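Listed next as structure tokens is one chain, alone, in the form deposited in one PDB entry.
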């Protein structure tokens, strides 16, 4: 299948990304606490629901929330301010809270069932968010021996995610609060300037700049 691209809501960030985040890929955003990673996730969860000519993929969203940071009210605000019905937008976001890293891994398997269920509806899954990708792995795999073990478990989790992205034409978007290997397709470093600034890592070589607004994010 030909890939799709989901606009972020920011023209600046979209250019940095070549149009938006890609389906059949894992995009990792990483940066310190408060950089805006979860804001970007909320914005994408709305943008993907737009029709293709408006930068969306008429898609549903699966959201694996590991830090209890999903906020329906924020979805409502973003949807309303972009001309969309808040309750309809929320209906197409399927959220599961991951209790620990093992549960988080199982939730990826369960996600495949929902992806199959919606595959031939008018709104197939087009975005799968994991926020935070790494928080449970950080708290559980710690101390001598943990670097190898944690990295192996993460890699396998990411391989499961890559398979869903590639098999079912989905954009996977993951967040990571920050010498280690990484297996995401594209890594985006995000930092706070009221501006937020994004740079592609190990990959346009410039930087994108955007604001957090009532529309999610925008230039």
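Residue numbers count along the first chain shown, from 1.
Another form, the form solved in complex with a partner chain, is not on view; read the next lines as being about it.
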Taking 4.5 angstroms as the cut-off for heavy atoms, does residue 91 touch the partner chain in the entry with it bound? yes
Against the partner chain in the entry with it bound, would residue 62 count as a contact residue? Criterion: heavy atoms within 4.5 Å. yes
Does any heavy atom of residue 84 come within 4.5 Å of a heavy atom of the partner chain in the entry with it bound? no
Spell out, yes or no, whether the shortest heavy atom distance between residue 70 and the partner chain in the entry with it bound is within 4.5 Å. yes
One stretch from 184 to 192, 62 to 70, 24 to 32, 169 to 177 that, in the entry with it bound, holds residues within 4.5 Å of the partner chain by heavy atom: 62 to 70
